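Enquirer: what's the 3D shape of this:
(2 chains)
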Amino acid sequence: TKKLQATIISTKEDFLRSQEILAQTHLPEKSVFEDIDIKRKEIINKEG
Amino acid sequence: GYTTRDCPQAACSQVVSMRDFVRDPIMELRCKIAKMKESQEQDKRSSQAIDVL
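Expert: Residues are numbered from 1 along each chain as shown, chains lettered A, B, ... in the order given. Structure as follows:
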């Protein structure tokens, strides 16, 4: 029980570190699917 | 270095030797129960605090 209390304290510290990492948004590009469609159109046009 | 010495504690005035002392289980039982209670309260408070988070 003491060992698991120490482990859960470490997990809480890891959760706080995870929240600090989550503070950095690292948002995916808003137009990834749009860029994929644009390159698909470009490759189709290039092959045509 | 002294055959007999006055009791350091108050409420009594007498001189005793080393052989007069005998084992007292009451004091050790009190110490053991105090240690168990402090350990259990610390474990419970830590567990409750972690459960809150």
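
Enquirer: Can you give me the distance of the residue of chain A found nearest chain B to residue B:28?
Expert: Among the residues of chain A, residue A:8 lies nearest to chain B; the distance is 5.0 Å by C-beta to the nearest C-beta. In this view, the C-beta of every residue, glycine as well, is placed from N, C-alpha and C. Between residue A:8 and residue B:28 the distance, using C-beta to C-beta, to the nearest Å, works out to 34 Å.

Enquirer: Residue A:34: neighbouring residues, count only.
Expert: Residue A:34 is flanked by 10 other residues according to other C-beta atoms under 10 Å in any protein chain shown.

Enquirer: Residues touching the helix or strand it falls within, excluding its own?
Expert: For residue A:34, the host element (DSSP states H and E) is helix A:32-47. Counting by C-beta atoms under 8 Å, 6 or more residues apart in numbering or on different chains, helix A:32-47 makes contact with residue A:29, all of which sit outside it.

Enquirer: Could you pull up the residues touching residue A:5?
Expert: With contact taken as C-beta under 8 Å, 6+ apart, residue A:5 is in contact with B:43, B:46-47, B:50.

Enquirer: switch the cut-off to 10 Å
Expert: Residues in contact with residue A:5, defined by C-beta atoms under 10 Å, 6 or more residues apart in numbering or on different chains, are B:42-43, B:46-47, B:49-50.

Enquirer: need the contact list for the residue nearest in space to the middle of chain B.
Expert: Centre of chain B computed as the mean C-alpha position; nearest residue by C-alpha atoms, centre = their mean is residue B:31, 4.2 Å away. Contact criterion C-beta under 10 Å, 6+ apart gives no residues in contact with residue B:31.

Enquirer: That one and residue B:43, how far apart?
Expert: With distances taken as C-beta to C-beta, residue B:31 is found 19 Å from residue B:43.

Enquirer: what's the burial count for residue A:8?
Expert: Burial of residue A:8, expressed as a neighbour count using other C-beta under 10 Å, amounts to 16.

Enquirer: That one reaches residue B:53, doesn't it?
Expert: Yes. Using C-beta atoms under 10 Å, residue A:8 is in contact with residue B:53, at 9.0 Å.

Enquirer: How about chain B: which residue is closest to chain A?
Expert: Residue of chain B nearest chain A, by C-beta to the nearest C-beta: residue B:50 (5.0 Å).
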